[PDB]
Structures are given as structure tokens and as C-alpha cells.
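**Student:** Here goes the first bit of my complex:
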Amino acid sequence: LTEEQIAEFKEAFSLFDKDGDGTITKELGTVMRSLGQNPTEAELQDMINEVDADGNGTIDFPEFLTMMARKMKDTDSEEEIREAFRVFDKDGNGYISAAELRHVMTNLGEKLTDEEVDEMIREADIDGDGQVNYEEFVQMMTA
Amino acid sequence: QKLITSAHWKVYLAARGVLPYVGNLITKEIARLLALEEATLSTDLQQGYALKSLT
């Protein structure tokens, strides 16, 4: 991380820090968004859960700095691609199945019709054998 | 002003450098007013609405 970027991060951090003790208030997610990076509600909620302990006037810059290192605009997500393969595989199938994907889809409020779940799986299956392991999802993420 | 009534969005815009921009536009406005005064003395009435609003 260049000194220029870290200075910009602290600049915004202080701009949103009303405590004056190098601790933002509510405006932690706002520093996040203003700093170019635009996290989704889920990403933000998750980050707040990370700083749920204390926070709101106890969020130090290093704390926010560690948070953004975990996800510098989500440039490096490989560490959590295998994690999501494990999560998606709720029954630990070991391969991508339509039922668990459809479950995940419905859990996101997306009620994909089997027809769509099907295209999804068909595209996910490189060899089209009905089973999609870590490698196929990793190839999709590289595409 | 209605959209930024919360200090949340005021601070967000401040992070984007809105105050420098507003002050820069305020600065331009006063220079334009001096140019107008050096030009014919036209008694405009909304003269300063932009300046007052930026301030």
C-alpha cells in the first residue's frame, strides 16, 4: 500500500471521525464507500460484525486498515472462494449441485426456476458430467 | 440542500472535496462580479443569488 493511498484513507477516516480520537462513529461504512471501494450491504454488514465489539467511537484507523487489507476493493477473494465452495455445499456434496445452488439462490431472495438453475449448473460443469468441483468454480472466477 | 440535510452526506461530499469546489466557484463568482462592476453599472437584482447560495 503506497503512502498516498493510506494518507487518503486516514484523510477520509478523520473527515468522518467526529470523536477526534482517531475513531469514526455509522460513518465507518461511509468512509468505506467514499474511499472509492463500493461494498454491497452484505459486505458492509459483515465488516460491521467484524468491528461489532466496541466500535461506534472505538473503531481505530488500524482496525479499519486491517478490514480494508482483508478486502482492498475485493481484489483478492481466492482465500474465500474455497470458503464459499464449502458454504454453497451445505450438505458437503463436494461438487456443485442445483438443489444447494437453488437453496443459496432462494436464500438471496432469488427464486431461480430449475430452468435457470440448470443453465447455471450446465455452464458451471466444464466436462458436463453433472458434478462441479473446486477447479471448475476457480476457472469461472479466473474467466 | 434537502438531500444533504444529514451531516452524513455532508461529510461524504466533504471527502469528495465539495467545499474546495464550492469555494473555488465562490472565488470565480466574486471575480466575475468585479468584472461586471468594471463594466457598465447594470443594477441586476438577482445579482448575488449564486454567490449567496454558494456561501
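**Tutor:** Sure thing, it's come through. Numbers count the residues shown, from 1 in each chain, chains lettered A, B, ... in the order given.

**Student:** Spit out the contact partners of residue A:78.
**Tutor:** Counting by CB atoms under 8 Å, 6 or more residues apart in numbering or on different chains, residue A:78 makes contact with A:138, A:141. Placement of C-beta: from N, CA and C, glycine included.

**Student:** Residue A:103 contacts residue A:90, correct?
**Tutor:** Yes. Using CB atoms under 8 Å, residue A:103 is in contact with residue A:90, at 6.6 Å.

**Student:** Contact partners for the closest residue to residue A:34 other than its chain neighbours?
**Tutor:** Closest residue to residue A:34 apart from its sequence neighbours, by CB to CB, 6 or more residues apart in numbering or on different chains: residue B:15 at 4.0 Å. By CB under 8 Å, 6+ apart, the contact list for residue B:15 reads A:11-12, A:15-16, A:31, A:34-35.

**Student:** could you list every residue that touches the nearest residue to residue A:100 once chain neighbours are set aside?
**Tutor:** Excluding the flanking residues, the one nearest residue A:100 by CB to CB, 6+ apart is residue A:90, at 5.4 Å. Counting by CB under 8 Å, 6+ apart, residue A:90 touches A:100, A:103-104.

**Student:** How many residues are close by residue A:49?
**Tutor:** Using other CB atoms under 10 Å in any protein chain shown, residue A:49 has 9 neighbouring residues.

**Student:** How about residue A:59?
**Tutor:** For residue A:59, the neighbour count with other CB under 10 Å is 24.

**Student:** which residues touch the longest helix seen in chain A?
**Tutor:** Ranked by number of residues, the top helix in chain A under DSSP state H is helix A:3-16. By CB under 8 Å, 6+ apart, the list of residues contacting helix A:3-16 from outside reads A:22, A:24-25, A:27-28, A:30-31, A:34-35, A:61, A:64-65, A:68, B:11, B:14-15.

**Student:** build in chain C:
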Amino acid sequence: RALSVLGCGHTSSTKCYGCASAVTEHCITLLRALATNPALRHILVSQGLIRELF
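**Tutor:** So, slotting chain C in with the rest:
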């Protein structure tokens, strides 16, 4: 000329629809004068004056 440069006579305001129409009338009078000369008439036609007037 210094006093004239400082201030002389009176000028119209900006967005003066009335004076803008007066200047348009002056343009019409000047063009009616110019159009008399055949060469000027051809030049004005080549400019696109007919379509503007229409």
C-alpha cells in the same frame, strides 16, 4: 475619448427580447439594402439567408 470610454450614452441589458427584436429588424433593413446589389444578393443566397428568413 477617455470620458467616453469611462461612460457615454446608454446600453441595453442582456437577454433583451425587445432590443434583440429591434436588432433583428435592423438586420432585415440592412439585408434589404444589400440585396439590391446583384453580387451581394447572390452572396447572401449562397450564405443561406433564404432558409433562415423562411
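
**Student:** circling back: what pairs with whichever helix or strand comes after the longest helix of chain A, parallel or antiparallel?
**Tutor:** Scanning forward in sequence from helix A:3-16 by DSSP states H and E, the next helix or strand is strand A:23-24. Applying DSSP bridges, strand A:23-24 is found paired with strand A:59-60 (antiparallel).

**Student:** chain center to the partner strand: distance?
**Tutor:** 21 Å (CA atoms, centre = their mean, to the nearest Å).

**Student:** helix/strand/coil for residue B:31?
**Tutor:** Here residue B:31 is helix, with the state taken from DSSP: H, G, I helix; E, B strand; the rest coil.

**Student:** And the residue of chain B closest to chain A?
**Tutor:** Proximity to chain A, evaluated over chain B using CB to the nearest CB, is greatest for residue B:15 at 4.0 Å.

**Student:** Helices of chain B, residue ranges please.
**Tutor:** B:7-15, B:18-38, B:49-54.

**Student:** among these, which is nearest residue A:74?
**Tutor:** Closest of the helices of chain B to residue A:74 is helix B:7-15, at 20.6 Å (criterion: CB to CB).

**Student:** and that closest one, how far out from the chain's middle?
**Tutor:** Worked out by CA atoms, centre = their mean, helix B:7-15 lies 18 Å from the chain centre.

**Student:** What of stretch A:38-46?
**Tutor:** From the chain centre to the centre of stretch A:38-46 is a distance of 7 Å (CA atoms, centre = their mean).

**Student:** Can I get stretch B:7-19 in PDB, CA atoms only?
**Tutor:** Taking C-alpha atoms only, stretch B:7-19 is exported to PDB below (Å, rounded to 0.1, in the frame of the first residue of the first chain):
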ATOM      1  CA  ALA B   7     -24.300  15.500   8.200                       C
ATOM      2  CA  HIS B   8     -23.600  12.000   7.000                       C
ATOM      3  CA  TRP B   9     -23.800  13.100   3.300                       C
ATOM      4  CA  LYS B  10     -22.200  16.500   4.000                       C
ATOM      5  CA  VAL B  11     -19.200  14.600   5.300                       C
ATOM      6  CA  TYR B  12     -19.300  12.200   2.300                       C
ATOM      7  CA  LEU B  13     -19.300  15.200  -0.100                       C
ATOM      8  CA  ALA B  14     -16.600  16.900   2.000                       C
ATOM      9  CA  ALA B  15     -14.400  13.700   1.500                       C
ATOM     10  CA  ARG B  16     -15.000  14.300  -2.300                       C
ATOM     11  CA  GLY B  17     -13.700  17.900  -2.000                       C
ATOM     12  CA  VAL B  18     -17.000  19.700  -2.400                       C
ATOM     13  CA  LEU B  19     -16.000  22.600  -0.100                       C
END
